[PDB]
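Chemist: One structure coming up, written as structure tokens, with questions to follow.
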Amino acid sequence: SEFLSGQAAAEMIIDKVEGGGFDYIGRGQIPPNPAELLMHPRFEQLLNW
Amino acid sequence: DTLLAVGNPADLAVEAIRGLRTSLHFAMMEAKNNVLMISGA
């Protein structure tokens, strides 16, 4: 959420799973407009990166 | 006298209408123009 709304960096959101060996990105704080954040170009930019 | 989409955006009907918005973004591409006529039966 913080990344999509613009108040976070592309690298500040990724966290390593302790026992899993993979990275994850959490949902952040529950936004008031979840469907319209996911429509932002930032989501596709993050996926492309 | 306010819109349901603005008075309570978390409403179930507004969620259905958001799904409708996403389905119309796909149905209305390859159309003559950006005019959408809605008619009751």
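Chemist: Add +1 for every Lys or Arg and -1 for every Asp or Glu among the other residues with Cβ under 13 Å from the Cβ of A:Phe22, and state the total.
Modeler: -2
Chemist: Hey, another quick one. Of the listed peptides A:12-24, B:17-29, what is their order by residue-averaged count of other C-beta atoms within 10 Å, with the highest listed first?
Modeler: Per-residue Cβ counts within 10 Å, averaged per peptide and sorted highest first, yield B:17-29, A:12-24.
Chemist: Further question: Taking only the Cα atoms of chain B, how large is their convex hull per residue, in Å³?
Modeler: 110
Chemist: Stick to Cα atoms and the Kirkwood definition of Rh, then tell me Rg/Rh for chain A.
Modeler: Answer for chain A: 0.99.
Chemist: Cα atoms only: what Rg and Dmax, in Å, come out for the protein assembly as shown?
Modeler: 17.9, 58
FYI, it's all coordinate maths here, none of it is from the lab. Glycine gets a Cβ as well: all are built from the backbone with ideal geometry, and neighbour counts include every protein chain shown.
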